[PDB]
Every structure is written in structure tokens, then in C-alpha cells.
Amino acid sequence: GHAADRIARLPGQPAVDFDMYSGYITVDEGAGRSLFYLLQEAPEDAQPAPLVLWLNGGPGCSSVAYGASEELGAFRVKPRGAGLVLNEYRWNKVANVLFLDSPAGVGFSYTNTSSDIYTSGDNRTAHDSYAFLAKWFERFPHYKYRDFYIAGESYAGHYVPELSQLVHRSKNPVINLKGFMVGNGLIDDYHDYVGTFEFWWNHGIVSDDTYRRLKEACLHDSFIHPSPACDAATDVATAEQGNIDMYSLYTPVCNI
């Protein structure tokens, strides 16, 4: 029932010319894992536009929270979470964007098996996303065969290509995957670490010594599972960095 997922109007939402749907798809029956999605469609005049699955990283962060609410989503939230404003550059001006909270336990997505939240990993995250997709298409059969893309940021540099491969290999005929796009994403741990430190040093954010220490401490590690040498090194970097937003070097930090 895609119709049941249709949203009428969100609280404080301005009026728009496009539709949106949101709800759940069960990805693991045994476990009781179900992912929540939010679909923001393009307006009529742009239809039939592609379908783009958008994924945030973390791991453990919500596509709805980020992607949809402070990034490419149709709206932005008011202060105090009072209401919404329209994002004049929403990507749904040109595509049907599907935001997925994942894996289960993130955002509005949930698991009936408690331990699921202590055992999350890339493989399962991907297989469940795959499940989610096949099922979503059954629920939205008018999307079958639509040109389809998968996109995301940061930790999603793992999610995207991983899910992409699964889709590609699965050979599901109703899913017309045409490609993927990754923003500031993890691609290769080693190279990434190397580039990261170099960038920092070239942005005057760590000392010469800490630059070197980081290179020596983290080079053989994963970005997501650093060694203790790596963390010790990063702890110093962090102190050197001070109170800035590492996610945006020249913009202010939130005061509240």
C-alpha cells in the first residue's frame, strides 16, 4: 500500500507542488528489522524523473536527519523545531529522492532484536538495504525500471558502492541501476588517511610533529577502527584543532 504511506502535510510545512511518502519496510522477518524511508518526489513537470536512493553515514547516522533535513531534502527545520521552510535548492526539484534510515536502529528505523544494535556491520547493512529495495519496488511498482541511482556521503562511501554491487550482481530486472555518486566519502583507508593528514597540515590545523605522528600511527589502520596508537595521535590533533567545526573549516560552531 504505497497510498497508505502518502504524507498529507507535515506540521509547519509549507505548501508544495510535489508528493511525499514515508513508512516502513521489513527487511528481516526473523529479527523483526524494519527500515523507515522518506520519499520526496519531483514535481509533475519534471516527471518521470529518476529515482535516487540517498544515504547518510556515521555509521549510525540518519539519512532523514541529515540528507533530508539539513542537506538536499525539500525542507529545513525552524529553530526550536517549530516548523519547516522550503529548501530552494532541494534535489527533488529534479529527481525522486528516497532517503533511507539505516541500518535498523538508526533514525526511525527499528529492530525487534536488541542485540542487532550491537552487531551492526557493513555486510548486513547492505543485504538489508537490498532487501529493502526489492520490497520497496513491490510497494511502488510504478518505480520499477525507472533509471536508478544510489548516492551518499562520508561513511556512505562504504554503503553506496557496497549496496551498488549487490544490486548489480543481484541482476534484479526491475531495478535499473545506472550508477552511483559519493560525496566526501571513505574510499580506501590508507590513501584516505594519508590525504587526510596532509590536508590538515596544509590547512594549519596540526603541528608538524603531530602530522608526522599521525602518519606514523594510523597508516595501517582502518578509518573506522583505528589502533590505539592512532587514537593517541588523534587525541593530540584534536587538542591542536581546538574549537572549530572540522566538518566546515571556515564556518562557526553552534552556540546552543
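Numbering starts at 1 and follows the sequence shown.
- For the two regions 167-175 and 83-91, the entry's Cα B-factors average higher over 167-175.
- Looking at mean Cα B-factors across 74-82 and 157-165, the upper value is held by 74-82.
- Going by the entry's values, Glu29 shows the largest Cα B-factor out of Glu29, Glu41, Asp208, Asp231.
- Across the options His203, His191, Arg213, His220, the residue with the most elevated CA B-factor in the record is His220.
- Ranked within its chain, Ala131 lands in the highest third, by CA B factor from the PDB record.
- When the CA B factors of the chain's modelled residues are split into thirds, the value for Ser102 lands in the lowest one.
- Looking at the C-alpha B-factors along this chain, the one for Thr113 belongs to the highest third.
- Per the deposited record, the Cα B-factor of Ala46 falls in the highest third when ranked against the other modelled residues of its chain.
- Sorting the modelled residues of the chain by their CA temperature factor places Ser120 in the highest third.
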